Structure formats: C-alpha cells, structure tokens
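Okay, work-v3.cif is below, mmCIF, C-alpha atoms:
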data_run
loop_
_atom_site.label_atom_id
_atom_site.label_comp_id
_atom_site.auth_asym_id
_atom_site.auth_seq_id
_atom_site.Cartn_x
_atom_site.Cartn_y
_atom_site.Cartn_z
CA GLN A 1 -19.67 -10.83 1.75
CA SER A 2 -17.45 -9.92 4.79
CA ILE A 3 -14.30 -12.14 5.00
CA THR A 4 -11.65 -12.94 7.62
CA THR A 5 -9.00 -15.02 5.77
CA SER A 6 -6.77 -14.00 2.92
CA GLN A 7 -8.44 -13.76 -0.52
CA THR A 8 -7.89 -12.01 -3.86
CA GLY A 9 -10.12 -11.68 -6.90
CA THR A 10 -12.13 -9.09 -8.79
CA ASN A 11 -15.03 -7.11 -7.66
CA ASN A 12 -17.05 -4.59 -9.61
CA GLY A 13 -14.27 -4.05 -12.13
CA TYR A 14 -11.56 -3.82 -9.48
CA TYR A 15 -8.82 -6.22 -8.46
CA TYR A 16 -8.94 -6.68 -4.74
CA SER A 17 -6.42 -8.31 -2.37
CA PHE A 18 -7.07 -9.08 1.29
CA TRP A 19 -4.05 -10.67 3.04
CA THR A 20 -3.80 -11.44 6.76
CA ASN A 21 -1.31 -13.49 8.70
CA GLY A 22 -4.14 -14.52 11.02
CA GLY A 23 -3.64 -12.42 14.15
CA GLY A 24 -6.54 -10.75 15.96
CA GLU A 25 -9.83 -10.29 14.11
CA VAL A 26 -9.63 -8.51 10.79
CA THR A 27 -12.81 -8.17 8.75
CA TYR A 28 -12.69 -7.16 5.05
CA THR A 29 -15.78 -6.24 2.95
CA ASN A 30 -15.89 -5.32 -0.76
CA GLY A 31 -18.35 -2.51 -1.45
CA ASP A 32 -19.74 -1.23 -4.81
CA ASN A 33 -17.48 0.04 -7.59
CA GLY A 34 -13.98 0.62 -6.11
CA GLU A 35 -15.07 0.70 -2.46
CA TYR A 36 -13.83 -1.53 0.32
CA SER A 37 -13.99 -1.43 4.14
CA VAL A 38 -11.79 -3.11 6.69
CA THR A 39 -11.93 -3.14 10.48
CA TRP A 40 -9.39 -4.65 12.79
CA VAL A 41 -8.73 -5.06 16.43
CA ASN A 42 -5.45 -6.23 17.86
CA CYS A 43 -4.30 -7.44 14.41
CA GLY A 44 -1.02 -9.21 13.52
CA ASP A 45 -0.17 -7.91 10.03
CA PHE A 46 -2.58 -7.52 7.10
CA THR A 47 -2.99 -5.58 3.82
CA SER A 48 -6.22 -4.95 1.98
CA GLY A 49 -7.53 -2.83 -0.85
CA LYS A 50 -8.86 -2.43 -4.39
CA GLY A 51 -7.04 -1.43 -7.52
CA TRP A 52 -5.81 -3.09 -10.65
CA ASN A 53 -3.80 -6.15 -11.68
CA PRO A 54 -1.62 -5.89 -13.64
CA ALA A 55 -1.47 -2.19 -12.89
CA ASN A 56 -0.57 0.54 -15.32
CA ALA A 57 0.58 3.48 -13.17
CA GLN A 58 -2.99 4.75 -12.80
CA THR A 59 -3.62 8.29 -11.56
CA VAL A 60 -5.64 7.10 -8.63
CA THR A 61 -8.31 9.19 -6.91
CA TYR A 62 -9.49 7.95 -3.57
CA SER A 63 -11.61 9.18 -0.70
CA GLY A 64 -12.84 7.92 2.60
CA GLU A 65 -11.89 7.49 6.28
CA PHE A 66 -8.89 5.74 7.93
CA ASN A 67 -8.37 5.60 11.73
CA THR A 68 -6.14 3.67 14.06
CA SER A 69 -4.99 3.76 17.68
CA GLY A 70 -1.67 2.28 16.67
CA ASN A 71 0.50 1.21 13.76
CA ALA A 72 -1.39 1.32 10.42
CA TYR A 73 -0.73 2.62 6.85
CA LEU A 74 -2.85 4.09 4.12
CA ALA A 75 -0.90 3.88 0.89
CA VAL A 76 -1.01 3.29 -2.80
CA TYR A 77 0.64 -0.10 -2.54
CA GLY A 78 1.86 -2.65 -5.14
CA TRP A 79 4.55 -4.79 -6.66
CA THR A 80 6.75 -5.14 -9.70
CA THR A 81 8.47 -8.30 -10.94
CA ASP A 82 11.79 -8.69 -12.77
CA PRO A 83 13.02 -7.20 -10.62
CA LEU A 84 10.70 -7.97 -7.68
CA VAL A 85 9.86 -4.75 -5.75
CA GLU A 86 7.29 -3.94 -3.16
CA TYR A 87 6.36 -0.22 -3.06
CA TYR A 88 4.30 2.25 -1.01
CA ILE A 89 3.14 5.80 -1.75
CA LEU A 90 2.19 6.41 1.88
CA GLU A 91 -0.60 8.98 2.21
CA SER A 92 -1.30 8.53 5.91
CA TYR A 93 -0.23 6.30 8.85
CA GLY A 94 -0.80 6.08 12.65
CA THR A 95 1.73 5.93 15.47
CA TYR A 96 4.69 4.60 13.48
CA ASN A 97 6.54 6.25 10.54
CA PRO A 98 7.70 3.13 8.51
CA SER A 99 10.51 5.11 6.89
CA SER A 100 12.20 5.15 10.34
CA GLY A 101 15.76 3.87 9.91
CA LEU A 102 15.30 3.37 6.09
CA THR A 103 17.66 4.89 3.57
CA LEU A 104 16.54 8.40 2.53
CA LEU A 105 17.22 9.18 -1.13
CA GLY A 106 15.37 12.40 -1.85
CA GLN A 107 12.08 14.15 -2.23
CA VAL A 108 9.39 14.31 -4.92
CA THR A 109 6.57 16.76 -5.41
CA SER A 110 3.28 15.45 -6.66
CA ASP A 111 -0.48 16.11 -6.41
CA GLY A 112 -0.06 19.21 -4.24
CA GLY A 113 2.20 17.40 -1.77
CA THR A 114 5.77 16.61 -0.88
CA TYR A 115 7.02 13.10 -0.32
CA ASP A 116 10.26 11.88 1.04
CA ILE A 117 11.69 8.87 -0.79
CA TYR A 118 13.21 5.84 0.96
CA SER A 119 14.49 2.36 -0.04
CA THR A 120 15.23 -0.77 2.08
CA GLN A 121 15.85 -4.49 1.33
CA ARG A 122 13.45 -7.17 2.41
CA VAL A 123 15.42 -10.39 2.65
CA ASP A 124 13.78 -13.86 2.62
CA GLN A 125 10.40 -12.38 3.35
CA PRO A 126 6.83 -13.21 2.27
CA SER A 127 6.00 -11.89 -1.21
CA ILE A 128 3.69 -12.25 -4.09
CA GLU A 129 6.29 -14.82 -5.32
CA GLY A 130 6.51 -16.75 -2.06
CA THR A 131 9.53 -16.27 0.19
CA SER A 132 11.86 -13.97 -1.62
CA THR A 133 14.30 -11.07 -1.46
CA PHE A 134 13.28 -7.75 -2.92
CA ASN A 135 13.59 -3.98 -2.47
CA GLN A 136 10.88 -2.01 -0.82
CA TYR A 137 10.35 1.64 -1.91
CA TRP A 138 8.51 4.38 -0.12
CA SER A 139 7.20 7.86 -0.93
CA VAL A 140 6.09 9.14 2.41
CA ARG A 141 3.89 12.24 2.31
CA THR A 142 5.39 14.90 4.63
CA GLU A 143 1.85 15.67 5.93
CA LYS A 144 -0.75 12.98 6.47
CA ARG A 145 -3.88 12.99 4.36
CA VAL A 146 -6.82 10.69 3.65
CA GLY A 147 -8.21 11.39 0.20
CA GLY A 148 -7.03 13.08 -2.97
CA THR A 149 -5.38 12.18 -6.19
CA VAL A 150 -2.21 10.15 -6.42
CA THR A 151 -0.45 10.35 -9.79
CA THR A 152 1.58 7.12 -9.28
CA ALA A 153 3.47 7.69 -12.48
CA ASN A 154 5.21 10.71 -10.89
CA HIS A 155 6.43 8.56 -7.97
CA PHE A 156 7.61 5.79 -10.19
CA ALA A 157 9.41 8.31 -12.37
CA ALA A 158 11.10 10.06 -9.41
CA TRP A 159 12.18 6.63 -7.94
CA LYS A 160 13.84 5.60 -11.18
CA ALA A 161 15.29 9.10 -11.73
CA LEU A 162 16.96 8.79 -8.33
CA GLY A 163 18.46 5.42 -9.29
CA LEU A 164 15.96 2.81 -8.04
CA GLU A 165 15.24 -0.15 -10.32
CA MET A 166 11.62 -0.98 -11.03
CA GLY A 167 10.22 -4.01 -12.85
CA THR A 168 6.96 -4.83 -14.71
CA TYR A 169 3.81 -3.80 -12.76
CA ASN A 170 1.97 -6.46 -10.88
CA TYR A 171 -1.00 -5.45 -8.74
CA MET A 172 -1.42 -1.89 -7.44
CA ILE A 173 -4.08 -1.13 -4.85
CA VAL A 174 -5.13 1.59 -2.33
CA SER A 175 -4.16 -0.40 0.71
CA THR A 176 -5.04 -0.28 4.30
CA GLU A 177 -2.34 -2.13 6.25
CA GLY A 178 -2.31 -2.73 10.03
CA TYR A 179 0.38 -3.92 12.35
CA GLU A 180 -0.28 -4.91 16.03
CA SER A 181 -3.02 -2.40 16.07
CA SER A 182 -6.81 -1.79 15.97
CA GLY A 183 -8.67 0.55 13.69
CA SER A 184 -10.89 0.86 10.65
CA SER A 185 -10.91 2.28 7.11
CA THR A 186 -13.45 2.65 4.35
CA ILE A 187 -11.97 3.71 1.11
CA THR A 188 -13.35 4.29 -2.43
CA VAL A 189 -10.77 3.95 -5.18
CA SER A 190 -11.28 5.25 -8.70
#

Spell out the structure here as structure tokens.
Amino acid sequence: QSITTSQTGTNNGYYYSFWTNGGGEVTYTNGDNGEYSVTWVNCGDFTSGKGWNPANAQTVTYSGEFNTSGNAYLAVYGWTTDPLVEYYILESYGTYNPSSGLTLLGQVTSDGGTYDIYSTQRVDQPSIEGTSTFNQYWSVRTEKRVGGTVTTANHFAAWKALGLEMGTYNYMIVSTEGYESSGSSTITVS
C-alpha cells in the first residue's frame, strides 16, 4: 500500500517509480490502472509517477489534481541511455520555473499548447545509472495546465530537430516532483 522510501516496480500494467532522498515526509500510493497519489510536506527532493519502462514515446493522456505551496513539477518525465539524458515535458509547476538560467533553444507546438525548449548539463549527479553526467532537456508549457494529452513524440522530434541528442528510451512516467516544498497530487495516466 502507501510507501515512504524509494521503490519501483509494476502496478496494474504500469511501471511506477517512487524516488525520495529522504527529506520530510513523502507518502506515495499506487491506485488502480494508471493512477497514483503522492502527498508531501516539507520534502527534500522526490519524483514519483506511473508510465512505462522501457518507454516508446507514448501519446500520454493524464488527468487529475496537482497543488503545492512551493517548488514542485508536474511533467512527463523520463530517461534515455546511450547517450544518457534526463528529460521533462513540464505541464505545470509551483513557485519556481526550472528553466530559469537554462539554455533556451526554441519553441515547439504540441497538443494545443506552446512549449519553450531548454537544455542544461547535469554533472556527477544521481541518475538511473548511479552518479553520472548527462544532459537534461525541458519542454516547458508557456501556460500551466493539469490534464490533457501529451504527444511525447512531438517533443522528442522537436528536441532532435533543434540539435539535441537523444538515446534509447528508458522509463517514461507522468511525474510529480517536489523540492523543499509541501503539496499533493493525484494523477491518472493512460
């Protein structure tokens, strides 16, 4: 049922990943089908969500509720390997825009919205491969929204068209991530 330390697995047909670096209390609960719920209060950093692994650039439809007082992200979130990349298609966030001070590369239109595209390097940082160096790519929706359809293939295509290198898909989830914040989300992925 409800968990408080990091854990990955499969649940009702969905890959799920719950990662926390231990700070505050974060509680993660798998629901039915593609649903998950997470609630956090004064967290450190954590990421949580359902999706697929390995992913296949799914057109993802999600719905639900995401709220925070502080710094949190709602994004289609995953990784590639060879090369190693961490990426976000950021649909909503709280008090902090994570593209702040990142390199802007362009804009992409998809699913009725506009996203600005950014890249940064993460150097000797925690990863799905242990401590590693990798690029981190963002599509940040120019207006926040919680629910709709994300055609992740359009983002991946725009990133590569603009010159970003992408590897083989590893997991891809609809992630709630919190950072020094409190809040809650409940999200159904399909």

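Closest approach to residue A:93 among A:146, A:19, A:54, A:125: A:146, based on all atoms listed in the file.
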
With the file shown as input, list the residues that the PyMOL selection byres ((chain A and resi 97) around 12) selects, as a ChimeraX atom specification.
/A:70-74,90-96,98-102,116,118,138-144

Using only C-alpha atoms, please write the residues we just selected to a file, as a CSV table (one decimal), in the coordinates of the input.
chain,number,residue,atom,x,y,z
A,70,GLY,CA,-1.7,2.3,16.7
A,71,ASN,CA,0.5,1.2,13.8
A,72,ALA,CA,-1.4,1.3,10.4
A,73,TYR,CA,-0.7,2.6,6.8
A,74,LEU,CA,-2.8,4.1,4.1
A,90,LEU,CA,2.2,6.4,1.9
A,91,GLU,CA,-0.6,9.0,2.2
A,92,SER,CA,-1.3,8.5,5.9
A,93,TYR,CA,-0.2,6.3,8.8
A,94,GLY,CA,-0.8,6.1,12.6
A,95,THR,CA,1.7,5.9,15.5
A,96,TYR,CA,4.7,4.6,13.5
A,98,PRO,CA,7.7,3.1,8.5
A,99,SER,CA,10.5,5.1,6.9
A,100,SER,CA,12.2,5.2,10.3
A,101,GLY,CA,15.8,3.9,9.9
A,102,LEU,CA,15.3,3.4,6.1
A,116,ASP,CA,10.3,11.9,1.0
A,118,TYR,CA,13.2,5.8,1.0
A,138,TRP,CA,8.5,4.4,-0.1
A,139,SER,CA,7.2,7.9,-0.9
A,140,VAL,CA,6.1,9.1,2.4
A,141,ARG,CA,3.9,12.2,2.3
A,142,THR,CA,5.4,14.9,4.6
A,143,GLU,CA,1.8,15.7,5.9
A,144,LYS,CA,-0.8,13.0,6.5

Can you list, as JSON, numbers by chain, the residues that the PyMOL selection byres ((chain A and resi 158-160) around 10) selects here?
{"A": [105, 106, 107, 108, 109, 110, 117, 118, 119, 137, 138, 139, 152, 153, 154, 155, 156, 157, 161, 162, 163, 164, 165, 166]}

Could you save those same residues with C-alpha atoms as a tab-separated table (two decimals), in the frame of the given file?
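In the end it all went to out.tsv:
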chain	number	residue	atom	x	y	z
A	105	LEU	CA	17.22	9.18	-1.13
A	106	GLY	CA	15.37	12.40	-1.85
A	107	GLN	CA	12.08	14.15	-2.23
A	108	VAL	CA	9.39	14.31	-4.92
A	109	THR	CA	6.57	16.76	-5.41
A	110	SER	CA	3.28	15.45	-6.66
A	117	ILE	CA	11.69	8.87	-0.79
A	118	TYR	CA	13.21	5.84	0.96
A	119	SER	CA	14.49	2.36	-0.04
A	137	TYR	CA	10.35	1.64	-1.91
A	138	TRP	CA	8.51	4.38	-0.12
A	139	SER	CA	7.20	7.86	-0.93
A	152	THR	CA	1.58	7.12	-9.28
A	153	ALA	CA	3.47	7.69	-12.48
A	154	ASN	CA	5.21	10.71	-10.89
A	155	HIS	CA	6.43	8.56	-7.97
A	156	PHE	CA	7.61	5.79	-10.19
A	157	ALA	CA	9.41	8.31	-12.37
A	161	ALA	CA	15.29	9.10	-11.73
A	162	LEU	CA	16.96	8.79	-8.33
A	163	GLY	CA	18.46	5.42	-9.29
A	164	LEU	CA	15.96	2.81	-8.04
A	165	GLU	CA	15.24	-0.15	-10.32
A	166	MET	CA	11.62	-0.98	-11.03

Counting all atoms listed in the file, which of A:58, A:81, A:68, A:131 gets nearest to residue A:177?
A:68

Skipping near chain neighbours, those fewer than 5 positions away, what residues fall within 8 Å of residue A:122 using only C-alpha atoms, listed as an MDAnalysis selection string?
chainID A and resid 133:136

Just checking: using only C-alpha atoms, which residue out of A:10, A:52, A:113, A:45 ends up closest to residue A:32?
A:10

On this file, the PyMOL selection byres ((chain A and resi 84) around 9) gives some set of residues; write that set as a list in words.
residues 79, 80, 81, 82, 83, 85, 86, 127, 128, 129, 132, 133, 134, 135, 166, 167 and 168 of chain A

Pick from A:170, A:27, A:67, A:37, whichever lies nearest to residue A:3 using all atoms listed in the file:
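Using all atoms listed in the file, residue A:3 sits closest to A:27.
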
A:120, A:53, A:188, A:151 ranked by distance to residue A:176, top pick (using only C-alpha atoms):
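Among A:120, A:53, A:188, A:151, it is A:188 that comes nearest to residue A:176.
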
Find the residues with any atom within 12 Å of (-5.1, -12.9, 7.8); use all atoms listed in the file and the coordinates as given in the file, and write the answer as an MDAnalysis selection string.
chainID A and resid 3:7 17:28 38 40 43:48 177:179

Straight-line distance linking atom CA of residue A:77 with atom CA of residue A:89, stated in Å to one decimal:
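Computing it gives 6.5 Å between the two atoms.
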
Can you tell me how far atom CA of residue A:66 sits from atom CA of residue A:169, in Å to one decimal?
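Going from atom CA of residue A:66 over to atom CA of residue A:169 covers 26.1 Å.
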